[PDB]
Each structure stands twice: as C-alpha cells, then as structure tokens.
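Below is one structure, written out as structure tokens, with a few remarks after it.
Numbers and lists here come from the model and the stated rules, or from a named source; none is laboratory data. For neighbour counting, all protein chains shown are included, and Cβ atoms are generated from backbone atoms with ideal geometry for every residue, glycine included.
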Protein chains: 4
Amino acid sequence: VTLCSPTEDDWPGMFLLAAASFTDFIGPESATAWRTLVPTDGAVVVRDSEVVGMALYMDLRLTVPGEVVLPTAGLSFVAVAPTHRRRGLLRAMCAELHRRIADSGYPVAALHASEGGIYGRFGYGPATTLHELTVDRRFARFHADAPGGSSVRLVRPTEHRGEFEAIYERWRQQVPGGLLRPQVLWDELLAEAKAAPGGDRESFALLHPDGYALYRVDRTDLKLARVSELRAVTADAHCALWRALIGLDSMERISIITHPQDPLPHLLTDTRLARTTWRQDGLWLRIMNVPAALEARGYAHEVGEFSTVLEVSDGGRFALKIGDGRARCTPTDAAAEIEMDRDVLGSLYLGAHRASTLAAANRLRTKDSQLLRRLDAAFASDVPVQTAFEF
Amino acid sequence: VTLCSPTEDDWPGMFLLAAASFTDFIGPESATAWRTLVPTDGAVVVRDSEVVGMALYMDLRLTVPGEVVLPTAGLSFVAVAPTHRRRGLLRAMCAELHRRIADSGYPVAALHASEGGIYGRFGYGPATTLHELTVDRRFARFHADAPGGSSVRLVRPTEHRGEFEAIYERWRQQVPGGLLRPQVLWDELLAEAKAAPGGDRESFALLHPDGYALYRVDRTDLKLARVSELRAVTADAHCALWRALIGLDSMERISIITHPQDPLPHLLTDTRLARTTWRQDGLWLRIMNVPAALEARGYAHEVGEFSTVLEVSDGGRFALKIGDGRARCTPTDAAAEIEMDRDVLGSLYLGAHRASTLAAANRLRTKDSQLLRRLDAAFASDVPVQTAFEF
Amino acid sequence: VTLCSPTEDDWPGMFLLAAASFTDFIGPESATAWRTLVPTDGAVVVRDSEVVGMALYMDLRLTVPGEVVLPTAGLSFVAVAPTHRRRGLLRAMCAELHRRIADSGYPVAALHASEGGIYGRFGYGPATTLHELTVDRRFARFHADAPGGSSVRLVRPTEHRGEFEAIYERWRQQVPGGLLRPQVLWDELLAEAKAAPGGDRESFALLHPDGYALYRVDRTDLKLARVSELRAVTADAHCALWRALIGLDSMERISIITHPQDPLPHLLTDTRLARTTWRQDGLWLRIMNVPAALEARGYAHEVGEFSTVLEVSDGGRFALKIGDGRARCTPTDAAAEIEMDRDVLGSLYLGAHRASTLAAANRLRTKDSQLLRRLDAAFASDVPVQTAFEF
Amino acid sequence: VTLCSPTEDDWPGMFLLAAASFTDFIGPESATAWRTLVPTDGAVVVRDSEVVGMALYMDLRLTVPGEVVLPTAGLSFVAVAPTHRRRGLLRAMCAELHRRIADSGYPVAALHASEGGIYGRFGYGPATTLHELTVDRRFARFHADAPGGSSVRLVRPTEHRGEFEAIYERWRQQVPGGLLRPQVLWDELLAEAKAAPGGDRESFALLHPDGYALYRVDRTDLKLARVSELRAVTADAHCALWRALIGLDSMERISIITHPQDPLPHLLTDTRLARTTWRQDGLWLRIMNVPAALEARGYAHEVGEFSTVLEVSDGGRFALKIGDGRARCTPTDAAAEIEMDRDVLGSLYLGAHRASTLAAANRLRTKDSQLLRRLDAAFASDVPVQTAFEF
Ligand SMILES: [Cl-]
Ligand SMILES: [Cl-]
Ligand SMILES: [Cl-]
Ligand SMILES: [Cl-]
C-alpha cells in the first residue's frame, strides 16, 4: 500500500475500480473528457500492482452570496476497492488531496456525497438542499397573478447549444451554488440528450430568451416527464417555461429536482399540487481557509455592524467584524464567543442552513442569543441558494 | 335554501352531513365536546327540512412572532351536501361567518384545508408548513456534539395529564403557531391514547421535565412508530426525547409530522437518515383587520427602521412603519409601494413564507428590490413557526 | 354416507360446515333469518354423526323478459367438507334437490357460482353479467344532454325503509333478473347499513322519489366510495343519483357493480372515465321445464313469426313457434333444426348471451344461419337484464 | 399563426412535434412510410418559423354492416405544441380537414382517440369497443362441444406474408370495422415482428388455412404471452388457434385485445377463466354525409318496414325508411320523431351501441318507445363489430 499521483498506465485500473464502485459510471470515453478538468497533481491512487483506492479534484468556479466567484476544488471519483475496506485508505487519500488543495491556494473544496455519514468527519458540511417537486399537471391551473397569461419554443437541444450556454452563464453568475460549466461538460450534456437503445428516451428543450428547460419522458413511467435542468434568469422566463411544461398534455406528472424556495407552487391556484416527493443534501463544502472564505462572500445589509470571536475546531480563532455587507476576519487569542466544527461553517456558508437551527443541535455553541440572531441574518442569502450540476 | 344559526334540533342533521362528508368524523359524542369551543352565533346552517350546508368557528388563542397571543376564529366543520354542489353555499356560509367574525372583533381567522385550491379565494393563505421526517433508527448514531450523551421516563399518557398540560402551556406561549389547548381537547386527546378493537394500538409517552413525546406503533406497519406529538421547551429535552425514540429497538422507522427547521437531522452523524417523506400546508390564516394584525406581532430587530405603503387588494392601503421590532400601520391614500391579495399577507404573517419567494410568483408586487429584502428580514420569525394541533 | 332432509339438531353441524366453507359466512343469527325462505324439504345433508355435505334452495320470484314473474328455486348454502372431496357428494345432493324442485313444479332453478367451472355440468348457464364501473369523479363532467342540469336527499338508510322497499318493488317487477326481496332480507340489509368495529364503515343513502343508491367508503381505500346498490325506475332518477355521487368531493373514485348496458358512461363528456374494472357471471339459470319456461317469457315483437324444432340434450325435443312476442313449445319427434345442452338455454333465457355467439363456440348447433339471426332477435330483451341481489 | 398544407420542408418540424407529443412515435422512417397513405392536401400545419400544430387524414376503406366498404378519412398525427395550448389550434385544424374531407366526397371520417373527452364536440362517436381478455391457461380445459378436439403451424411471421395478407383480406371484407391493410402497413407490421435490443421480444405466428395469431412474450412479465392480432374467417380456425395458444405451456397467462362478442369464454369448461382485464373505446366515427352513410349500410331483415323522421343537430332532418335490410334517407321539413347530435349517430352506425342505451342517457331523444325498439333492432349488426388496426 503506497499513495502516488497516477501515471497514464494507472487510468485503466482506475476505470475498472470506477465501473465496480459506481453504478452510474459514465464509461472510459466520458471519464477521459472529465479528466480535462483535473489539474496536474489533482489525483491520488493507492496500489497494493492494481488500483485499490483513488480520489481526485477538478478546478471549479463556485458562485457564493454577493455574486462572488471562488476557485473551488471539486472532489470526485473517490473509491476504495471492496477488497481493501477498513484500512484507512479514504482518510489517507483525503488528507493528501486536502494538503495539495490548501497548498495550491483554494479557499474552498466541494463534493456530492454518495452517503450522508462519511464526509462530515473530513470537515465537509451539506451547503445546498435538493427539493424534488412532482406536479399532477391534469389539475394545475395558473393563478390570476401569474405572469404571461408564446415566448417559449419546443426545440432539439443539440440545435440551440449557443443559446443554452449563454442563458446558463448568466444564471450561474447570479445564483449562489452556480458553477461555471466548461465546454467539455456541454459536449457531454448534449451527447446524453439523444435516446439510447433500451436506455433513456429522447430529451427535448423549452427555450425562452431568458430561460430553458431540458426534459425527457421517464424510461418506465410513460406518464411522467422529468425536468433534468431548468435555468431561468427572470421570473417571466420561469413562469413561461412552467406554462409550457403544464402544457405537456400526454403526461400525468412533471417532476424537477429544484431548491426549497422554487416559486412554482405560488404560480398555481392550488399550491398543494406542487408536492415535495424527495429532499436530500446537494453540494457539500469544506472551508479550506476560514478568513479568505469569510472575507470573500457578501453579507445581508439589513443587519447592523457587529463584532464577535469565532473559533473553528482545529481551524483557528478569528475576530469577525460584519458591517455594510462585508466581513473582516483576523487572527485573535481573545475568548471565543462562537465555537463550531469546520463542517458546520460549510453548512452556514451559502445560507442553506440557519445558525439558530445548528445551535439547537449544539453543532454551533454560543451563550449569546442576540449574536445567534445577528449570524442568522448576516449569513442569509438574498438570492436563494441553488444546486448547479452534480460532479 | 335559507342560511340560519342552527337550533339544538339542527345538530343531528349536522352530524349526518359530517359523517357523510368527513372520513375522519370524530362521532357525535366527541363533536358535542368540541361544540363547547363554538361561541353563541359561531355556527351557520343551510336548510332546503334537512341540513345541506354548515360551517362554524371556535374561539382560539394563536401565538404570533414576539410571543403575542391573538384571539383567533378557528373555522371548522365546513361541509356542503353532495346533493347541493355548485350552488354557492360555501361562498354564502363563508361570507356570513366572516361578517360575524369581523363584527365580533377577531383580528385573524384560521383553518386547516381539506384541499389546497379552495380557501385562497376567501382570503386564506397557508401560514405553517407540515414536514414529515422518517428516521431509519437502525442506522441512527448521535453526533459527538449532541446534548446528553436518563432524564426521560416511559409512562402511560393518562397517568401524567398535569405534566403534559404544563409542558404544552409553556411550549404554546413561546412558539408562533402555538394554540391554547382547552380542557375538553385534553379530555379528547387522552381518550384516544388507549387502543381500539381493530383500530389504533395503545399510545405511550416519553416524559422529560421540559418535554414529552406521544407515540404509537402503526396499525398495519408493525416496524413503524408514529410520533403524534413532540413538545420540547429546551434543546436538551428535544435531544433527550429523540435518544429515547431511537432506543425503540423493536422498530425499523420513527416518523413525526414536524416543521422545516426541526434540528433532528443535525443531532445525527448522518443528516440524510432523517428523510423528508411528506410536506403540506398546515395552518391557514385570513387577516380580518390588516392594521390590528400588523401592529400586534413583533418584527426582527436586525432590520433598520423603514417606511412603506402597503395595499391589500380590497383590504385597504396603509402607511407601514417598522422599527425597533414594532410596526405602526395607519390609513393613507399615498401611492402604494407594495400590493398583494389578503391571502398573501396571511402566508407572510407567521414567517413561514418569504416576501421574495411570493414576489417571484408575482403574488406580491413592488418595483423596489431593497424594500423586498427589508420585508423578508422584518417578517422573519426568530423562533421557527410550528403547527400546534389540527382543528 | 346417507343423504337426508336435516332435522333441527343438524343445523349447528351445518353452521360449522358453513363457517369452514364460506369466508363470507353471515353467522348463525343471519343464517337462521335466511332459513325462513327455505321450504319444508328444501334442504339435504350428508352425514358420515357430523355433517360432511349440505345443499338447499329458497322460494324466489324471478322477473323474465315481458315482466313475467316465475317461481324460482334459488340454490344456496352448498358445501362438501374438505375431508370428503371427490366422493360424488355434490352430484348426489344436486340430483336429489333437482328431483324435489322438478316434482314441486318450479320451471327454473337459479344460483350464484363460487367458481365458474362447477355448475355447467348440472345444467346451469350464466344468465346475467356483473360489470364493475369505477369513475374517477375528479374529472367527471355531465354532458350538455344529461337530464337535470335537488330532487335527491342524503339520508340514513334505517330511517327510510318504506321508501326503499317501494322503489325496489317497482324496479324488480320491470327488470329481467329482478327478485322479490322479502321482509327478512330488508331486515338483514339495514342491519349491515351500520358501521362495525374494525369492519365496514357506515352506509349512507341518496334518495329520489324514483330511485335510491346505498354506498359506503371502502374499509381500507379511504378515497373510494362503493355503491352496494343503485335502483332507479326512471332515467331522470338514474342521472340525479349519479350527479349526487359525483358530488362526493372527498372521494377520488366511485365504484358500482352494474350491468353491461348501464347508461352512466353516456351521461359524461368523457365516456372513458366510467372504466370497466371487473366483469363476471352473475345469476346462473337451470331451466327445469323447457316448454313451461319457453312459453312463459315474452319475445321481441320486431321478429316475424317463425317455427323451428329445438332439442335440449336429454331435455326433450320441441316444435317452437314464436310470433307476436309469444312462444308455443310442444312435443315433437320431427328432425331437430337446433341442438344445445340445457345450460346453453339458461344462458339465452334472460337475453344476456346471443345465440350467434354460443353458435360460434359450437355450444348451439344449427345448419341455418337465418334461424340463428331469428333466435338472436327473438330472445333479445327490450329492458336490459340486471342482477338483483346475491343469494 | 397561419394554417397551411405542409411543404416537404415542414416535415422535419412535424416529426419533432410528433416525437415530443407521442410517446409511441414510430420515428421518421416509419412515419415516411405511413405518409404514402395521406393524399395531396390531406395534411394541415400551423406555423408561428416552427410547427406548433398539425393534423392529417389517410385514405382508408372501412367495412360497415352488410359487407359494404366505404371510402373513409382516417384522422391521425394530430398534435398541438405544449407552448400553444388553449389557442383554438385543434378546432381550426379539425374545421379545415373536415371541409377538405366533406368536399372530397368522403361519407365518413374515423380516428383512434388519445383521450375520451376531446372528439365528441367535433362530431366523433366511439363506434367499436376494445375488450382485453386474459386467460390463466394453466386451468383452461376445452368444452366437450368445442371444435377440433394439428391444422395449426408455429411459423416465423416474415416467411408467411402472402398467407397472412390473404387471410386478413378475407377477414376485413366480412367484419364491420374491417380496414383494408395496404402493402406499406404489411411492410411495417413484419419489421416489428423481430426482437429489438432492450425492446420487444421476437414475435411468432400460429397459422391455420382460415386464420392466424401473431403473439410475443411480454418484455417484463415473462409468464405473459400477448396476442397482438388474431384473424379467423371460420369458427374452426378461431378454436384451433386458441387450442394452440393454450398449448404455450411456458406461460401462465395469454392476453388479447378483442371485441365483446369473442366466443373464447364459451370454448372453455370455465367461462370465468377468460377474464375481462380492460375495456376502452376503439374506432371513433364522424358521419360526414348523413343520407349517404345511412343509405350505404345494410340493416337487420328481422325488423318489419318502418318510417321515421331523424334530425341530426346541425346535420339535417331526413325521412328515414328502413325495410328489407335497406334504408332510404331523403330531406324533409316534417316534424322530427328522433333527435341526436352527429357523434351519437357515429356510435350507432356499426352496431356497437344500442339506441335504447343512448336514449337512457338522453343523447338520443324520442317520445316513441316502439320507434326506439325498431332502431335498436334495425341498426344491430349480424356479424359482431371488431377493431381492425390502430392508425
Ligand atoms: Cl437547484
Ligand atoms: Cl410542527
Ligand atoms: Cl346489475
Ligand atoms: Cl377486435
């Protein structure tokens, strides 16, 4: 058992481990495309010789509150062979990548979790919430107040790549959780848009000047349309796209994986028709550099200037001053007023979780209820946090 | 078709309509107990002579943000005979009760909705959110940070009525959505605690000095425990009760109908184990007197003093000034800065829905994005809004 | 093994065999009430001493085409002990009862079959068709042409016995398949109308001057109302009762066991909403006396006078002359033009099955296609055949 | 929004709308084959430029009672874009095609309905009934009377095209509902006979001189054989094919979409084994020219000569004289004795629905019960109405 950066000769062994580890493995051709987002020294492997462990990160750009874009290490392709469980391989690989990520100057790392119980101990907190809405469209009537009572076109996704790219680029820059989508991921997305023999049905697009929806009929439930992606830059675009989706008269149900503040239910005369059928953690964040991350994002202007001392468990103690929507975060040995593990700060960082809620679980410790209210207000995001694409 | 306050002789006919209308009808004996909460002139019936329509309200006490308790008209027992649909009987009965409620001096009316599409047009907005969590307790491990790593007793509910009453009374006064639970509803609750032949299994209680949980094994799924009610006045009590529930080793799953900010998931090493299995509107509010309701509740201290002009569609136009956690709301003919239907104000009132989200659906109209942020912040509740008991 | 008429002392042993044989056994008290319809010498038992076989008939009145009422032997309570299978006990009991029924002067015997494969060989043919319609009432809109766009009352069944009795008596006299419902069966029907602990929910009635519907919410599916019985003497009553049933706004679905010519689907803008969810043989007929049965019923006036020779396999050969809606059926040794087993004549007798369809299965043999068309037309019923009550 | 006959350049846009509208879309290659049945000016499109609406008709030959073959406009490929709902596009397209169909000299139009609630208002009535029978073949025993107690061969469909074509041509000419099946539809049918990767299993044929059955094992239920098509010209062929299907010893169940008068159940000792698992409207008819359609079909010889006056709502009033199996239908201003909407006449026309049943729903209005009986008898079909192939 040695831990190394993989050579070109290691990648066939990594693809075997991937195929055996991930039921959703994209195959070697697609994986080779995703590889283009992994920097030199972005990957580690454990050899016994065959590959028994692997982990890597990709260079991402993540939007945080205040429309600030952070360089982000996106952890992915993490696997330990079923032959090598309970040997500390995950711990060793995560320790090495975190060392490389921190030394490289990334203020944050991010991942999507295979299970909810693994990444908390490595300092990752769930930072976005996936919210599945299922609409019984047979009953759906738009409210008198709903915009645009057409601006929308039914199109083939592959024929309107430029328009989707431009709309997505506008969306990702204005929404916390937004990720830059590089050209290789557009190539991959539009390749998946076509039907597969015994696989997915053909994808269609609804295109508005200021939004698009990509959807396909479910493989097995032929009365369910699944929206894979809806990106709307305006309220008018969001409503117009939903009027078109409710117009899919051959379907009983439209489902979408969205965010908790999706205004869809409020567009209907019966809010209950937009049923929450599933909820899960989306993007997870590890704050690598506490002061750099905390100084980088914008804060709520509504809360008056306040100062506190924040201790992150084995992450430093800082004088934190928040006023006029900006934070200053400097080293101190002054007594801590707030204490939390690193994972908890990740959960607060995009505004998806309230300091008050985490305090009620004793994940966040303070003796000052006023300070808790100020933190809740300051860390809150004006623009609701969304999830961009899984990686 | 005439609309009257019912005489004693009308109640057998009302109980027949109830039995035929409500699959969960509590029967004449329990209904006669609930009747004690209906004031003189609190009920209307339509006769054709037999009862073809009915509606009533009960005298309730509702806690709103700032621990303020409002007299509240709780609409209930609303039915139109299947023989008399589409004759405007619901509209006529709701118009008459609203007249009586407004003239009686109630600032707010409330109900639980049989369907989501009916009460919006009568000025009711959904004001609390029911959130069902299902825990696979076989996997549940408490976080190192979780309080109290016993203070809890397994007891017969009927033997500890005084302790439940006292804990509930503390809870309902400190939580927005809290309702006073009169003696007749305690009588009814503890009568339901015993097992029924071919019906519900026996209810048990977990009792802490500062909280209780009432639960029973599901009728048909013998590996599911359903928590009917958990009232905790402290974080220590909430965690202690959940440690005890996760200790129900004969169960696979524990389910509870709770609120979106329940800290349960954060008590576990795997937040994903507390799965959201169901979400629905809970309590609905109709603001009867806009200035009385808006002046009565407390507002967030974090937001700086601001002034605006609010128009409620056919509900008046008001100069609204919010500062130091209090509102002043006076008549004006000045140009409106914010417009919304009455139902929308109900949805904002307990802090369950953000002004920003309702604005994105065009249910709330303003040209000022700064004003929207200030409203979001001001109307937000420090203590998360919960649902008390169904009526 | 001896075959006897039971003594009073035999009935406890018959009730044990019944409980072990019939999952729907009505119990000794209800069975003692049904006993009042069994004539002296109407029952046989086989003893080994304990009861190992039983069979009986009740005195019924069956309506046949032309509003003619026939005395009918209703076979029921037929059981062989699981200890005594394949010993010819059913054959022996059926042979003896048929001897008694024939000698008593009954022209027809009838039964409801536990299985479809048993009674054909004893000369019983399925004579009515049960047709279950399930309406998704959330979508149901009445056609512009539908009558009565209220005459209907929601009532407690036990309070309107006289009105149900009178409506049913009018119905049973005008519909082929109609049975006289004696007072003991009204006593039993209204006793079942009340709810049972862990059993059926409360029954309700919709009452029109010229029709009624008895319905209850399903035990387990709380969004399904099951109509146990709808008797309408006019088209106006039938439509009015269905308008009321579609008005059960708490239900998703209304189901009824009806007949294939129920006009319900044609009352709706979408005929497809009245879905056929189940179909089965209803009443079975054994023609005991061929000439008496054939001379007794009315025939279609549309078909011109014709003569043929009918042979029933081991049931006689007859010169059959049909004209002006009446048949003459006299002994002959002339060559047969039509041959069929006795069971086939039972299937033709109420007009539920076409001679042409049975001929296509070679259950009915003729070389004359014109004769087949004349038989189809003559045996057809003006009033569609319905099923009264199970016995 | 303009309505035009499509140019060659419009068909890619029509195929996109088809793919997005029809989950069973046959793809561009098969659709191009079906196109060969669409006459010049047989198609309309709405452009906004992209295709947002389309509809066409094909030249068909439909068999009606009396073995009469009518030129028939088969409406198909009808779609409105989900972006253009509730804009009257369907009404506009149907009005234009009906104008073209009427002017072209078609006496009838026909379609298969995506939903049951749409085509009634455009004058289409459901005219055939689809009846799914599922046989539990493990229990199925043929009756002593059943023919042919082998004449049948198990063959590859593609190797016996000539024999299937010849049998089908005999069938379609003798059965009301029969359609001529052109060479392009035989090409398409035999292409679907082969297995597809992750798709349908291989089709097999059972071939008799006077009948064939095409069947395949269900994709997912490997104990279910689905008969896609059984065409039998004789009772012997029908029974022989069913003996062979019941001989599929690896199956639990055989299912077929047949007609209500299928004699299959009567071939078995247990009629109940042939269970009706599904029922739906099949072919829909719009009578374009009332007198031409009514004079064209044969009527029952059994009913004596009679005269009446029929009014079709906005379809004319006619003196209708029916005798010796023929109708004369001439213009009159004499008082109407029968009134009905055009859709109702379509439902009566192939004998699938009784005038009496439609009268009970008030879809057919007369004050003369004798006239109703005569219409029932006259419009009845000697040969039961069947459904040919979906289009
Ligand atoms: Cl999202
Ligand atoms: Cl709650
Ligand atoms: Cl019936
Ligand atoms: Cl058919």
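Please go through the range D:49-68 and give me each residue that is touching a helix residue (DSSP H, G or I) at 6+ places or on another chain (Cβ under 7 Å) and away from chain A (no Cβ under 14 Å), ordered by number. So that I can check it myself, show each step before the final result.
Going through the range D:49-68, the residues touching a helix residue (DSSP H, G or I) at 6+ places or on another chain (Cβ under 7 Å) turn out to be D:50-55, D:57, D:63-64, D:67-68.
Hits for the range D:49-68 are D:55, D:57, D:63, D:64, D:67, D:68.
Under 7 Å between Cβ atoms, which residue pairs at least 6 apart in sequence (or on different chains) link something in the range B:107-136 that is of a type in the set (A, V, I, L, M, F, W, C) with a partner that is within 16 Å of ligand 4 (Cβ to nearest atom)?
none
I'd like to know if the range A:297-307 contains one or more residues that are in contact with a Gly (Cβ under 8 Å, 6 or more places away or on another chain), away from chain B (no Cβ under 14 Å) and of a type outside the set (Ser, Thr, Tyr).
Yes; the residues of the range A:297-307 include at least one that is in contact with a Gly (Cβ under 8 Å, 6 or more places away or on another chain), away from chain B (no Cβ under 14 Å) and of a type outside the set (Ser, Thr, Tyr).
Out of everything in the range B:135-188 that is β-branched (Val, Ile, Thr) and not in a strand (DSSP E or B), what residue ends up being farthest from the other protein chains (Cβ to nearest Cβ)?
Of everything passing the filter in the range B:135-188, B:184 is farthest from the other protein chains (Cβ to nearest Cβ).
Filter the range C:13-57 down to the residues that are more than 25 Å from residue C:100 (Cα to Cα) and hydroxyl-bearing (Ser, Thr, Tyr) and list them by number.
Residues satisfying the conditions are C:23, C:30.
If the requirement is being within 21 Å of residue B:70 (Cβ to Cβ) and either within 16 Å of ligand 2 (Cβ to nearest atom) or assigned by CATH to the domain that holds residue B:64 (or both), which of these qualifies: B:352, B:296, B:292? Give the steps one after another, and end with the answer.
Details: B:296 fails: either within 16 Å of ligand 2 (Cβ to nearest atom) or assigned by CATH to the domain that holds residue B:64 (or both); B:292 fails: either within 16 Å of ligand 2 (Cβ to nearest atom) or assigned by CATH to the domain that holds residue B:64 (or both).
The match here is B:352.
Just a yes or no: is a residue in the range D:141-162 closer than 20 Å to residue D:62 by Cβ and of a type in the set (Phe, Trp, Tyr)?
no
Looking at the range C:306-391, what helices (runs of 4 or more DSSP H) fall wholly within it and have at least 1 residues that are away from ligand 3 (no atom under 16 Å from the Cβ) and of a type in the set (D, E, K, R)? Spell out how you get there, then give the answer.
On the way: elements: C:342-349, C:355-360, C:369-379.
Result: C:342-349, C:369-379.
Applying the selection to the range A:271-289, what residues are surrounded by fewer than 21 Cβ atoms within 10 Å (Cβ to Cβ) and more than 14 Å from every other protein chain (Cβ to nearest Cβ)?
Hit for the range A:271-289 is A:289, nothing else.
Just to check your reading of the model, which residue among C:388, C:361, C:327, C:355 is more than 18 Å from residue C:307 (Cβ to Cβ), more than 9 Å from chain D (Cβ to nearest Cβ), in contact with a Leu (Cβ under 6 Å, 6 or more places away or on another chain) and crowded, with 16+ Cβ neighbours inside 10 Å? Reasoning before the result, please.
On the way: C:361 fails: more than 9 Å from chain D (Cβ to nearest Cβ); C:327 fails: more than 18 Å from residue C:307 (Cβ to Cβ); C:355 fails: more than 18 Å from residue C:307 (Cβ to Cβ).
Within the list C:388, C:361, C:327, C:355, the selection yields C:388.
If I ask for residues that are within 23 Å of the chain's Cα centre (by Cα) and either under 13 Å from residue D:176 (Cβ atoms) or surrounded by fewer than 19 Cβ atoms within 10 Å (Cβ to Cβ) (or both), which ones from the range D:364-385 would you list?
D:379, D:380, D:381, D:382, D:383, D:384, D:385 - these are the residues of the range D:364-385 that are within 23 Å of the chain's Cα centre (by Cα) and either under 13 Å from residue D:176 (Cβ atoms) or surrounded by fewer than 19 Cβ atoms within 10 Å (Cβ to Cβ) (or both).
If I filter the range B:76-86 for residues that are part of a strand (DSSP E or B), more than 14 Å from chain C (Cβ to nearest Cβ) and surrounded by fewer than 16 Cβ atoms within 10 Å (Cβ to Cβ), do I get at least one hit?
No: zero hits.
Looking at the range B:245-277 only, could you name the residues that are in contact with a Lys or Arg (Cβ under 9 Å, 6 or more places away or on another chain) and assigned to a helix (DSSP H, G or I)?
Residues satisfying the conditions are B:245, B:246, B:265, B:266, B:267, B:273.
Condition check: outside the structural domain of residue D:183 (by CATH), within 16 Å of ligand 4 (Cβ to nearest atom), surrounded by fewer than 21 Cβ atoms within 10 Å (Cβ to Cβ) and of a type in the set (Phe, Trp, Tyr). Does residue D:306 satisfy that?
no
Taking into account only those residues within the range B:105-134 that are within 16 Å of residue B:314 (Cα to Cα) and within 11 Å of chain A (Cβ to nearest Cβ), which is farthest from ligand 2 (Cβ to nearest atom)?
Checked the range B:105-134; the qualifying residue farthest from ligand 2 (Cβ to nearest atom) is B:121.
Look through the range C:246-261, keep the residues that are surrounded by 22 or more Cβ atoms within 10 Å (Cβ to Cβ) and within 16 Å of ligand 3 (Cβ to nearest atom), and return whichever of them is farthest from the other protein chains (Cβ to nearest Cβ).
Here the answer is C:256.
Do you know which residues across the range A:94-130 are under 16 Å from residue B:273 (Cα atoms) and either of a type in the set (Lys, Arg) or surrounded by 17 or more Cβ atoms within 10 Å (Cβ to Cβ) (or both)? Outline the logic, then answer.
Here is the first cut: in the range A:94-130, the residues under 16 Å from residue B:273 (Cα atoms) are A:113-120, A:125-126, A:129-130.
Listed by number, the residues that qualify are A:113, A:116, A:118, A:119, A:120, A:125, A:126, A:129, A:130.
With respect to residue C:27, is the statement that it is surrounded by 16 or more Cβ atoms within 10 Å (Cβ to Cβ) and more than 15 Å from residue C:286 (Cβ to Cβ) true?
No: the conditions fail for residue C:27.
Hey, residue C:268 hits all of (1) surrounded by fewer than 22 Cβ atoms within 10 Å (Cβ to Cβ); (2) more than 13 Å from ligand 3 (Cβ to nearest atom) but one; which does it fall short on?
So residue C:268 meets the others, but not (1).
Identify all residues within the range A:164-208 that are over 30 Å from residue D:196 (Cβ atoms) and more than 23 Å from the chain's Cα centre (by Cα); write none if there are none.
Matches in the range A:164-208: A:207, A:208.
In the range A:194-243, what residues are crowded, with 18+ Cβ neighbours inside 10 Å, part of a loop (DSSP other than H, G, I, E, B) and among the small types (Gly, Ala, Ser)?
A:203
Please identify the pairs in which a residue from the range B:372-391 that is more than 14 Å from residue B:258 (Cβ to Cβ) has its Cβ atom under 7 Å from the Cβ atom of a residue that is within 16 Å of ligand 3 (Cβ to nearest atom) and hydrophobic (A, V, I, L, M, F, W, C), counting only partners at least 6 apart or on another chain.
none
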